[PDB]
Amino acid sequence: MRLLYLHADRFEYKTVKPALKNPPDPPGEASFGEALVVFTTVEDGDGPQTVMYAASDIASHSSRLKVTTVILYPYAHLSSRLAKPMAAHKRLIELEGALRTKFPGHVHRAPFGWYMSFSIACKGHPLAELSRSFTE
């Protein structure tokens, strides 16, 4: 699993065209204030331990930043060892579930299987942009 953590002042997204034949999540949009935006690429090796490591790390980083909202943003482009779309969606659902057991704030999972527009205003402080890798 490869993640990119972006500490935003604001964030918003809108699904546009379906990127998959039948996206498993409905279309939609959302916007937010201050949040940790976690761009999330699910990789072949990812299973339940990977999900829980990533959940624990996201919660600790958010703790460090004093963030109270986390956006799990599906992202196909951080890795060249991608899981298949059904496995990725399953892992991302698991990740959202896992994160709720470790982090007390708002967790939002953006829909899976769509092309997106987004806007972000990413903060400039030293810990505002970081990447992570998890395996098992």
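Quick note: we count residues from 1 along the sequence shown, nothing fancier.
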* Structure fact -> Higher avg CA temperature factor (22 to 30 vs 73 to 81, as deposited) belongs to 22 to 30
* Taking the recorded C-alpha temperature factors, which stretch has the higher mean, 37 to 45 or 83 to 91? -> 83 to 91
* To do: Place residue 130 in the lowest, middle or highest third of its chain's C-alpha B-factors, as listed in the PDB entry.
  => middle
* State the tercile, meaning the lowest, middle or highest third, of residue 110 with respect to the CA B-factors recorded for its chain. => middle
* Within this chain's modelled residues, let me know which third the CA B factor of residue 52 belongs to: lowest, middle or highest. => middle
* Structure fact -> residue 6: CA temperature factor from the record, placed by chain third, in the middle
